[PDB]
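Visitor: got the complex split up, this is the first portion:
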Amino acid sequence: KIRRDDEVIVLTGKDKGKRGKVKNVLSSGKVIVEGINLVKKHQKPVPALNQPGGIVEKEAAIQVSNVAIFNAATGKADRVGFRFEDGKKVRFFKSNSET
């Protein structure tokens, strides 16, 4: 699954190629990564979608479908950041099949 203590790599959105850590995950499936932000009116570095209106959620609203964590396949993506105190998870992290 996806965690907040992990780094993601865009692959489709206009932010394709950008790197960053996962800010937070909502029960909606969307994930906001430290980097994919938008320029508000008074030019305030705050993530948000591009649409006119009053008060709307923050976050650029990224999708786990176009992201890139640890995909077991041939892609253009590269290294990705990932607990350790678990021990058993370290074994999976050591394996080139899981994490």
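Guide: Cool, the structure landed. Numbering: from 1, shown residues only, chains lettered A, B, ... in the order given.
Visitor: Tally up the residues packed near the nearest residue to residue A:12 once chain neighbours are set aside, please.
Guide: Computed as Cβ to Cβ, 6 or more residues apart in numbering, the closest residue to residue A:12 that is not its neighbour in sequence is residue A:66, at 3.8 Å. (Each C-beta comes from the backbone N, C-alpha and C, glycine too.) Using other Cβ atoms under 10 Å, residue A:66 has 14 neighbouring residues.
Visitor: Let me know the helix or strand that residue A:66 is in.
Guide: For residue A:66, there is no host helix or strand (DSSP states H and E).
Visitor: doesn't residue A:15 make contact with it?
Guide: No. Between residue A:66 and residue A:15 there is no contact under Cβ atoms under 8 Å: 9.6 Å.
Visitor: burial count for the closest residue to residue A:21 other than its chain neighbours?
Guide: Once flanking residues are discounted, residue A:21 sits nearest to residue A:34: 4.7 Å by Cβ to Cβ, 6+ apart. By the criterion of other Cβ under 10 Å, residue A:34 has 14 neighbours.
Visitor: roughly how far apart are residue A:34 and residue A:94?
Guide: Computed with Cβ to Cβ, to the nearest Å, the distance linking residue A:34 and residue A:94 is 27 Å.
Visitor: Residue A:93 belongs to a strand, doesn't it?
Guide: No. Counting by DSSP: H, G, I helix; E, B strand; the rest coil, residue A:93 is not part of a strand but helix.
Visitor: Quick one: residues contacting it.
Guide: For residue A:93, the contact set (Cβ atoms under 8 Å, 6 or more residues apart in numbering) comprises A:82, A:99.
Visitor: can you check residue A:57 too?
Guide: Residues near residue A:57 by Cβ under 8 Å, 6+ apart: A:48, A:49.
Visitor: Please tell me how far it sits from residue A:96.
Guide: 38 Å.
Visitor: do the same with residue A:15
Guide: Relative to residue A:96, and taking Cβ to Cβ, residue A:15 is found at 28 Å.
Visitor: Hmm, residue A:48 is touching residue A:56, no?
Guide: Yes. Residue A:48 is within contact range of residue A:56, at 6.6 Å (criterion: Cβ under 8 Å).
Visitor: of these two, who's got more company?
Guide: Comparing residue A:48 with residue A:56 by other Cβ under 10 Å, the one with more neighbours is residue A:48, at 17 against 9.
Visitor: Chain B should join the structure above:
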Amino acid sequence: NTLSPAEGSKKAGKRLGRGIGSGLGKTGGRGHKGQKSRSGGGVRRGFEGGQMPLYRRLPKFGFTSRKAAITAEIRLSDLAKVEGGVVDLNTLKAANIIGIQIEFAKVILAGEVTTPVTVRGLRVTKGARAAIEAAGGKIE
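Guide: Now chain B, sitting on the chains shown earlier:
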């Protein structure tokens, strides 16, 4: 494979008899429709088991006779001749389908083949005297 099988689960196999429409059959479907013997059909059924009566009133009646010995145990010839052999008196009857908790019986020459085994029984009728005499043996 991983494709939804054409079928296979519960209502699979053979059934009972002729092409049954739905569950055991009805007569008067739901809603409204004749279904009945017309007239004042409702309150309570017609018959009662007896009559009014006129035939049950006081015809050539009788009465309940006392319990009988509940004799009358078919022990026909053959089926005992073409079966087993000698010694067939009061001791070897359980082997055959002749063994009532009560007592007595009778012999009814169903066949004529000689055996010529002897048989007690405790009863006797016509034909009983015949056979087991011209063939041998002694009845009681």
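Visitor: Name the residues that touch the host helix or strand of residue A:24?
Guide: Assigned by DSSP H and E, residue A:24 belongs to strand A:19-25. The contact list for strand A:19-25 (Cβ atoms under 8 Å, 6 or more residues apart in numbering or on different chains) reads A:2-9, A:31-36, A:47, A:59, A:81.
Visitor: Go through that strand and flag the buried ones.
Guide: The neighbour-count check on strand A:19-25 (16 or more other Cβ atoms under 10 Å in any protein chain shown) flags A:19, A:20, A:22, A:23, A:25 as buried.
Visitor: what helix or strand does residue 81 sit in?
Guide: Going with chain A. Counting by DSSP H and E, residue A:81 is found in no helix or strand.
Visitor: what is the closest residue in space to it that isn't next to it in sequence paired to in the beta sheet?
Guide: Spatial nearest neighbour of residue A:81, excluding adjacent residues (Cβ to Cβ, 6 or more residues apart in numbering or on different chains): residue A:7 at 3.8 Å. Note on residue A:7: beta-bridge partners residue A:21, judged by DSSP bridges.
Visitor: Not including adjacent chain positions, what is the nearest residue to residue A:35?
Guide: residue A:20 (3.4 Å).
Visitor: Tell me the spacing between the one you found and residue B:98.
Guide: For residue A:20, the distance to residue B:98 - Cβ to Cβ - is 101 Å.
Visitor: Just the contacts of strand A:19-25: which are in strands?
Guide: In strands, defined here by DSSP state E, the members of the contacts of strand A:19-25 are A:7, A:8, A:9, A:31, A:32, A:33.
Visitor: ok, the fourth one - contacts?
Guide: Going back to what we said before, that points to residue A:31. A:2, A:8, A:22, A:23, A:24, A:25, A:62, A:63, A:64, A:67.
Visitor: Looking at those, spot the one nearest residue B:10.
Guide: Distance to residue B:10 across the contacts of residue A:31 (Cβ to Cβ) is lowest for residue A:64, with 38.7 Å.
Visitor: wait, that closest one sits on residue A:2?
Guide: Yes. Residue A:64 is within contact range of residue A:2, at 6.0 Å (criterion: Cβ under 8 Å).
Visitor: What is the neighbour count of residue 79?
Guide: Let's take chain A. Per other Cβ atoms under 10 Å in any protein chain shown, the neighbour tally for residue A:79 reads 8.
Visitor: try again with chain B
Guide: Per other Cβ under 10 Å, the neighbour tally for residue B:79 reads 14.
Visitor: throw chain C onto that model:
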Amino acid sequence: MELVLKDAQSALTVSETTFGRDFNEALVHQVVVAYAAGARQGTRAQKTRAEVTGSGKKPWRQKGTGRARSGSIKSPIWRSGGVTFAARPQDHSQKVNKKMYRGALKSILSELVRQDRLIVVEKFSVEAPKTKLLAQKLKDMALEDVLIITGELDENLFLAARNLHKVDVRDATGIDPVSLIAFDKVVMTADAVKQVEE
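Guide: Putting chain C together with the chains above:
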């Protein structure tokens, strides 16, 4: 005659068994037409307790009416009520057994000794834990198209095949004509045949 059995390797021959009964394709097919889903609550006429309540309880003018668990029954003028026009005490079936049901239960057992039918499998079949092994033993058996039919066995319910195409697992003990031949076709095992013989 001698029904040739098959091992896990679907050998050409193993043991032998058979059943004696005048097969009736018309009757067996006359079997696959009666209750695939025919025990789903009928709608008879005269089959239960039903004891009056007499006077008392709750004040209010009311007449004698069938009351089962606050549910009306046997009362013609109410869902599931008395059917004045007797003869057909249930729900729409078919003008139709003591010899067709059972007789078929026997005739079916004879349908197995037929060429263009199933085949007996050794007892080791029930052992096969996996399901893929079955698909294989059914492929080499040259009867992979039997999945298009159904499947059976003996002892306990063979789980390892409950997934295979069309498979209503059942035991030789209590095998109604149903499992005997799903859609006038089937397949059983060794011990099964023996248990079914009786």
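Visitor: again for the contacts of residue A:93, chain C present now?
Guide: Residues near residue A:93 by Cβ under 8 Å, 6+ apart: A:82, A:99.
Visitor: next one: the strand holding residue A:24 to chain centre, how far?
Guide: Offset of strand A:19-25 from its chain centre (Cα atoms, centre = their mean, to the nearest Å): 4 Å.
Visitor: What of stretch A:40-52?
Guide: For stretch A:40-52, the distance to the chain centre is 19 Å (Cα atoms, centre = their mean).
Visitor: got the buried residues for it?
Guide: When burial is assessed from 16+ other Cβ under 10 Å, stretch A:40-52 yields the following buried residues: A:47, A:48.
Visitor: C-alpha coordinates for it, CSV please?
Guide: Only the C-alpha atoms of stretch A:40-52 are listed here, as CSV (Å, rounded to 0.1, in the frame of the first residue of the first chain):
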residue,chain,number,x,y,z
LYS,A,40,-2.9,31.0,-5.3
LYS,A,41,-4.0,34.5,-5.8
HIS,A,42,-1.8,36.4,-3.4
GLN,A,43,0.9,34.0,-4.7
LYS,A,44,1.0,31.7,-1.7
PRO,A,45,2.8,28.3,-2.1
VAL,A,46,-0.3,26.2,-1.4
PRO,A,47,-1.3,23.0,-3.2
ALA,A,48,-4.7,23.0,-4.9
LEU,A,49,-6.6,22.3,-8.1
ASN,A,50,-7.1,24.8,-10.9
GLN,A,51,-10.7,26.0,-10.9
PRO,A,52,-12.6,29.1,-10.0
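Visitor: The biggest helix by length in chain C - contacts with which helices or strands?
Guide: Counting residues, the longest helix found in chain C (DSSP state H) is helix C:101-111. On a contact count with 3 or more Cβ pairs under 8 Å, 6 or more residues apart in numbering or on different chains; DSSP states H and E, helix C:101-111 meets helix C:25-28, helix C:177-180.
Visitor: Mind listing residues that contact the last one?
Guide: Applying Cβ under 8 Å, 6+ apart, the set of residues contacting helix C:177-180 from outside is B:12-16, C:28, C:31, C:35-36, C:101, C:104-105, C:108-109, C:111, C:150, C:152, C:168-170, C:186.
Visitor: from the chain's centre, how far out does it sit?
Guide: Computed by Cα atoms, centre = their mean, the separation of helix C:177-180 from the middle of its chain amounts to 4 Å.
Visitor: Name the strands paired with the helix or strand that comes right after it and say parallel or antiparallel.
Guide: As assigned by DSSP H and E, the chain's next helix or strand after helix C:177-180 is strand C:188-189. Strand C:188-189 pairs in its sheet with strand C:120-121 (parallel), by DSSP bridges.
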